[PDB]
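*Asks:* So that we are looking at the same thing, I have put the structure below in structure tokens.
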There are 2 protein chains.
Amino acid sequence: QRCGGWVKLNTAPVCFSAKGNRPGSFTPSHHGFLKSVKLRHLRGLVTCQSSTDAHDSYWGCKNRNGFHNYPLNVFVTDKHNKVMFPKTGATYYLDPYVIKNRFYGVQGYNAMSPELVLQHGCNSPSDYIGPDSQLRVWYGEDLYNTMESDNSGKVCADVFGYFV
Amino acid sequence: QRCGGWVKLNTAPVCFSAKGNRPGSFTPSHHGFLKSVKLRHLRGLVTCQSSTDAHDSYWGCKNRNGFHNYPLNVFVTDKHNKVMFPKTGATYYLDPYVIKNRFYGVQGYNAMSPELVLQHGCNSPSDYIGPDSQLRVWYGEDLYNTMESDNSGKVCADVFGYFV
Ligand SMILES: OC[C@H]1O[C@@H](O[C@H]2[C@H](O)[C@@H](O)[C@H](O)O[C@@H]2CO)[C@H](O)[C@@H](O)[C@H]1O
Ligand SMILES: OC[C@H]1O[C@@H](O[C@H]2[C@H](O)[C@@H](O)[C@H](O)O[C@@H]2CO)[C@H](O)[C@@H](O)[C@H]1O
Ligand SMILES: [Ca+2]
Ligand SMILES: [Ca+2]
Ligand SMILES: [Ca+2]
Ligand SMILES: [Ca+2]
């Protein structure tokens, strides 16, 4: 029902944990093709290493190890856990120890950004958001089952979209 | 860029006449969903009343009768002659004598604009431009079979798209 945006897609807060296959899953209120989403932090912190508070963040694992420049670790998928955001604008940390974990950065944002904008890139037919779609906000280490056991926290957010 | 810049959709110039069911037809070189197209005049002129060269234009019928301010009459359709551009941003001339002819204006452009940008509005599934698609650049009086017999000319253009 909406062209452009931002338009709020969620009803209730969308809340994700950092382990245990616990994404924040919801049925979007509006249909169409999305250019991007904007995640607006409401409450909570997650971390990829619970032995310290140093990495606690909205969207990832801040100031961690050797990759302070790849602090993000949130992915918005469809109901099949296929990533829809980000698909552009993100650079990934590629060291083999944690390549599969998919830590990333987006220039202009960090893991403490009050609002995080993630780009879809251009659309293909199967990217349509319809009545049957579900979006899932995942922590990457949870999604990929990489080193999740030492994670903790829970973040709640609103999710806005921009339709094209 | 392929996703984000003007992308040339045609190869050879796209040439349309103003009568005789003679749109300029082509299969786009790139697939996906468009926000807009840009038509770039290359050569030729068309008119909606051939008794003089007064109205000869790139995109319509310039300085004609009652509708100097609605001089445009080009439409980009799919292979079933369904209009895809413009679908927003166009103001139609509604005088009963020529309402069906679908003369229109777009702010900041006229029928001699070297380039004309036409907006699609937001996309639905059936707006996909794929390998089976054919885009057609029509003269409106020819598309709608309204007062076409006194038309003449042929315009050739390049056609660019903005993918989303
Ligand atoms: O290197 C970044 C990586 O650290 C993981 O934690 C390691 C921890 O540092 C190490 O002492 C322990 O032996 O193994 C842990 C992994 O099982 C974090 O879990 C991971 O999220 C990354 O941040
Ligand atoms: O009124 C705009 C309309 O004019 C049509 O031409 C008229 C013409 O002016 C009239 O003298 C003739 O006898 O009837 C024509 C229509 O069949 C143009 O063809 C049309 O394109 C409009 O520009
Ligand atoms: Ca971890
Ligand atoms: Ca998991
Ligand atoms: Ca005519
Ligand atoms: Ca015709």
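Residues in the structure tokens are named by chain (A, B, ... in the order shown) and by number from 1 within that chain; ligands are numbered from 1 in the order shown.
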Just the residues within 8 Å of residue 78 of chain B, please, counting only C-alpha atoms, with nothing from its chain fewer than 5 positions along; format it as a VMD selection string.
*Replies:* chain B and resid 83 to 84 133 to 136
*Asks:* What would the file look like if the residues just selected were written as a compact mmCIF listing (two decimals), in the first residue's frame with C-alpha atoms?
*Replies:*
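Just written: selection27.txt:
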# COMPACT_ATOMS: atom_id res chain seq x y z
CA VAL B 83 1.70 1.42 -20.48
CA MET B 84 4.63 1.13 -18.04
CA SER B 133 9.89 -8.95 -22.50
CA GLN B 134 9.62 -6.43 -25.32
CA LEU B 135 9.48 -2.69 -24.58
CA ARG B 136 7.66 -0.54 -27.13
*Asks:* By least-squares superposition of chain A on chain B, using all C-alpha atoms in order, what RMSD in Å to one decimal is obtained?
*Replies:*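 Per the least-squares fit, the RMSD is 0.9 Å.
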*Asks:* Neighbouring residues of residue 121 of chain A were defined as those with any atom within 12 Å, considering only C-alpha atoms; residues of the same chain fewer than 5 positions away were excluded. Please report them as a PyMOL selection string.
*Replies:* (chain A and resi 33-37+83-90+127+162+164) or (chain B and resi 1-4+32-33+163-164)
*Asks:* Give as an MDAnalysis selection string the residues surrounding ligand 1 up to a distance of 12 Å, considering only C-alpha atoms and all ligand atoms.
*Replies:* chainID A and resid 18:19 46:52 54:56 60:68 70:73 93:103 139:142 144:152
*Asks:* How about saving the chosen residues, N, CA and C atoms kept, as a compact mmCIF listing (two decimals), in the first residue's frame?
*Replies:*
# COMPACT_ATOMS: atom_id res chain seq x y z
N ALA A 18 21.24 -13.63 20.39
CA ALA A 18 22.53 -13.78 19.71
C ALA A 18 22.94 -15.25 19.65
N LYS A 19 22.04 -16.18 20.04
CA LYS A 19 22.29 -17.59 19.97
C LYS A 19 20.96 -18.33 20.15
N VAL A 46 23.37 -6.81 22.54
CA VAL A 46 23.91 -8.15 22.26
C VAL A 46 25.43 -8.11 22.26
N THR A 47 26.04 -9.28 22.43
CA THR A 47 27.50 -9.42 22.29
C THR A 47 27.84 -10.80 21.74
N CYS A 48 29.01 -10.84 21.10
CA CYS A 48 29.61 -12.04 20.63
C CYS A 48 30.62 -12.65 21.61
N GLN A 49 30.82 -12.01 22.77
CA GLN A 49 31.72 -12.56 23.78
C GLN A 49 31.28 -12.03 25.15
N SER A 50 30.61 -12.88 25.94
CA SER A 50 29.94 -12.43 27.15
C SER A 50 30.88 -12.35 28.36
N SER A 51 32.16 -12.72 28.20
CA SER A 51 33.10 -12.63 29.31
C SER A 51 33.43 -11.18 29.71
N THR A 52 33.07 -10.24 28.85
CA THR A 52 33.35 -8.80 29.03
C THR A 52 32.11 -8.05 28.59
N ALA A 54 32.72 -5.26 26.93
CA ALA A 54 33.35 -4.31 26.08
C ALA A 54 32.74 -4.30 24.68
N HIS A 55 32.10 -5.40 24.26
CA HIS A 55 31.64 -5.51 22.87
C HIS A 55 30.11 -5.35 22.74
N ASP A 56 29.47 -5.11 23.88
CA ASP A 56 28.00 -4.99 23.93
C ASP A 56 27.53 -3.94 22.92
N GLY A 60 25.84 -5.94 16.69
CA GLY A 60 26.99 -6.80 16.38
C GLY A 60 27.85 -7.04 17.59
N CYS A 61 29.15 -6.71 17.39
CA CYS A 61 30.14 -7.01 18.41
C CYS A 61 31.19 -5.91 18.25
N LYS A 62 31.08 -4.86 19.06
CA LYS A 62 31.91 -3.67 18.82
C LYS A 62 33.32 -3.86 19.39
N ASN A 63 34.30 -3.23 18.73
CA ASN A 63 35.68 -3.22 19.24
C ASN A 63 36.22 -4.61 19.56
N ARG A 64 35.96 -5.56 18.66
CA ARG A 64 36.29 -6.95 18.92
C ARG A 64 37.57 -7.39 18.19
N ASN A 65 38.47 -7.99 19.02
CA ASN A 65 39.71 -8.56 18.53
C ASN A 65 40.46 -7.61 17.60
N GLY A 66 40.72 -8.27 16.39
CA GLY A 66 41.44 -7.66 15.27
C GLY A 66 40.56 -7.06 14.21
N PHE A 67 39.24 -6.90 14.50
CA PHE A 67 38.31 -6.45 13.46
C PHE A 67 37.35 -5.37 13.98
N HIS A 68 37.90 -4.31 14.55
CA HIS A 68 37.06 -3.21 15.04
C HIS A 68 36.32 -2.51 13.89
N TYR A 70 34.88 -4.13 11.46
CA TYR A 70 33.74 -5.03 11.02
C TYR A 70 32.89 -5.38 12.22
N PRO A 71 32.21 -4.42 12.83
CA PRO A 71 31.51 -4.65 14.09
C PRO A 71 30.05 -5.15 13.91
N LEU A 72 29.56 -5.09 12.68
CA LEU A 72 28.13 -5.45 12.47
C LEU A 72 27.99 -6.96 12.28
N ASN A 73 26.82 -7.47 12.75
CA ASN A 73 26.55 -8.91 12.60
C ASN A 73 25.04 -9.15 12.65
N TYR A 93 34.72 -9.21 7.08
CA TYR A 93 36.02 -9.63 7.58
C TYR A 93 36.28 -11.06 7.12
N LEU A 94 37.44 -11.29 6.48
CA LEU A 94 37.67 -12.53 5.75
C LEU A 94 38.75 -13.41 6.36
N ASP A 95 39.24 -13.08 7.54
CA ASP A 95 40.19 -13.98 8.17
C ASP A 95 39.61 -15.37 8.38
N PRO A 96 40.29 -16.48 7.99
CA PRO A 96 39.67 -17.80 8.06
C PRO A 96 39.13 -18.15 9.46
N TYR A 97 39.69 -17.63 10.55
CA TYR A 97 39.19 -18.01 11.89
C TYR A 97 37.70 -17.69 12.04
N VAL A 98 37.26 -16.58 11.45
CA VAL A 98 35.90 -16.13 11.60
C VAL A 98 35.22 -15.75 10.30
N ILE A 99 35.72 -16.21 9.16
CA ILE A 99 35.10 -15.85 7.89
C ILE A 99 33.62 -16.24 7.86
N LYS A 100 33.30 -17.43 8.34
CA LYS A 100 31.95 -17.91 8.26
C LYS A 100 30.97 -17.13 9.15
N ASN A 101 31.49 -16.45 10.16
CA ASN A 101 30.70 -15.67 11.07
C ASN A 101 30.08 -14.44 10.41
N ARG A 102 30.73 -13.93 9.36
CA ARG A 102 30.25 -12.81 8.55
C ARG A 102 30.09 -11.52 9.34
N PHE A 103 31.16 -11.16 10.07
CA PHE A 103 31.27 -9.78 10.59
C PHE A 103 31.46 -8.84 9.41
N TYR A 139 21.00 -12.50 14.37
CA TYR A 139 22.45 -12.29 14.68
C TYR A 139 23.24 -13.25 13.82
N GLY A 140 24.29 -12.80 13.12
CA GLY A 140 25.01 -13.66 12.21
C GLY A 140 25.62 -14.88 12.82
N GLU A 141 26.21 -14.79 13.98
CA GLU A 141 26.82 -15.98 14.56
C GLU A 141 25.72 -17.02 14.87
N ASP A 142 24.52 -16.54 15.25
CA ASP A 142 23.37 -17.46 15.44
C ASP A 142 22.95 -18.07 14.11
N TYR A 144 24.56 -18.57 11.33
CA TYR A 144 25.58 -19.42 10.73
C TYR A 144 26.11 -20.46 11.73
N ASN A 145 25.62 -20.44 12.97
CA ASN A 145 26.05 -21.41 14.01
C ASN A 145 27.57 -21.39 14.20
N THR A 146 28.14 -20.18 14.26
CA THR A 146 29.57 -20.00 14.40
C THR A 146 29.88 -19.35 15.75
N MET A 147 30.49 -20.11 16.67
CA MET A 147 30.97 -19.53 17.91
C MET A 147 29.87 -18.79 18.69
N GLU A 148 28.67 -19.37 18.70
CA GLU A 148 27.55 -18.68 19.31
C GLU A 148 27.43 -18.94 20.81
N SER A 149 28.06 -19.97 21.34
CA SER A 149 27.75 -20.39 22.70
C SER A 149 28.15 -19.37 23.77
N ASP A 150 29.12 -18.51 23.45
CA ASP A 150 29.57 -17.48 24.38
C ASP A 150 28.88 -16.14 24.12
N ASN A 151 27.77 -16.16 23.37
CA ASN A 151 27.04 -14.91 23.07
C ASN A 151 25.97 -14.66 24.13
N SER A 152 25.49 -13.42 24.20
CA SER A 152 24.39 -13.13 25.10
C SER A 152 23.68 -11.86 24.66
*Asks:* Mind the document's chain letters and residue numbers, and return as number ranges by chain the residues of chain A that DSSP labels helix (DSSP H, G or I).
*Replies:* A: 99-101, 125-127, 140-144
*Asks:* Between atom CA of residue 153 of chain A and atom CA of residue 44 of chain A, what is the distance, to one decimal in Å?
*Replies:* 7.0 Å
*Asks:* So the first atom is atom CA of residue 122 of chain A and the second is atom CA of residue 15 of chain A; what is the distance between them in Å, to one decimal place?
*Replies:*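 Answer for the atom CA of residue 122 of chain A to atom CA of residue 15 of chain A separation: 27.0 Å.
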